[PDB]
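Right, one structure below, let's go through it.
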Amino acid sequence: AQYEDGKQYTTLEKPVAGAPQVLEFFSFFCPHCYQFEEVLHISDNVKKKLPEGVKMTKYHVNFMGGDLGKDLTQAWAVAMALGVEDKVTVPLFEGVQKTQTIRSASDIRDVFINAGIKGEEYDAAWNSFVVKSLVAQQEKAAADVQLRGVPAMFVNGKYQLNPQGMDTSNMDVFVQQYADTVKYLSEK
């Protein structure tokens with residue numbers, strides 16, 4: 001077959017019920033995740049090939065970067081609650097991996113302030129029980145699928161993208177193969 005289990009994707013030995021249709025995991029400490037966001041624009045290219053009414057979910061993980069990794073998962077919950085993911089993703093990535101100007105929760109907070117989220121608004125979100133359950137959702141979703149690596153994408157709780165089994169000579173060809181695989185799995 002042109003698409004093969006064990007090749008462009010793998011199947012979960014234990015499938016996950018009730019899962020988001022397209023569920024993506026990342027860390028701001030994760031070097032390929034940086035690529036996926038800034039250089040490859042994976043999430044955006046997957047979206048463009050999916051139908052609409054296909055909801056796309058993106059969660060942060062704890063297992064990289066110790067105490068600051070956990071702060072970032074809470075910050076991502078704040079971003080999701082306020083709907084400002086597209087304003088903080090790039091400066092959070094660059095602040096962690098490029099300029100290395102993010103070393104504490106206060107430095108994360110600075111990124112949101114510079115992006116125009118109000119101090120009062122951020123701190124209230126940071127401390128809200130809506131963000132707490134949002135942190136729990138991110139944790140439970142990663143726990144459900146036995147997650148020890150990012151970037152990771154899961155389709156309908158059964159299929160796991162396998163980018164190592166795709167061509168990387170050309171970055172654009174890689175992205176299309178990746179998005180086409182998600183579309184394939186989506187239709188499965």
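See the values below:
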read-out	value
Residues located in the stretch 143-183, provided they are within 18 Å of the chain's Cα centre (by Cα) and of a type in the set (A, V, I, L, M)	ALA143, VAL145, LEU147, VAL150, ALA152, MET153, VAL155, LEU161, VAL175, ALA179, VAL182
The stretch 113-143, residues that are over 27 Å from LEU23 (Cα atoms), in contact (Cβ under 8 Å) with a residue 24 or more places away in the chain and of a type in the set (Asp, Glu)	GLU121
Lone unmet requirement of (1) of a type outside the set (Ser, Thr, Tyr); (2) surrounded by 17 or more Cβ atoms within 10 Å (Cβ to Cβ); (3) within 27 Å of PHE174 (Cβ to Cβ); (4) touching a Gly at 6+ places or on another chain (Cβ under 8 Å) for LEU12	(2)
Residues of the stretch 150-188 satisfying the condition of being of a type in the set (S, T, N, Q), touching a residue at least 12 places away in the same chain (Cβ under 8 Å), over 21 Å from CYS30 (Cα atoms) and not in a helix (DSSP H, G or I)	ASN156
Qualifying positions in the stretch 129-153 - out of contact with any helix residue (DSSP H, G or I) (no Cβ under 7 Å at 6 or more places or on another chain) and closer than 12 Å to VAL78 by Cβ	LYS132
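Per-residue answers, yes or no, for (1) in contact with a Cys (Cβ under 7 Å, 6 or more places away or on another chain); (2) more than 19 Å from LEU147 (Cβ to Cβ); (3) part of a helix (DSSP H, G or I); (4) among the aliphatic types (A, V, I, L, M):
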| site | (1), (2), (3), (4) |
| --- | --- |
| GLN2 | no, yes, no, no |
| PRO15 | no, no, no, no |
| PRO20 | no, no, no, no |
| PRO51 | no, yes, no, no |
| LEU72 | no, no, yes, yes |
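We place every Cβ from the backbone using ideal geometry, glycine too, and count neighbours over all the protein chains shown. Readers should treat all values here as calculations from the given coordinates under stated rules, not as data from a laboratory.
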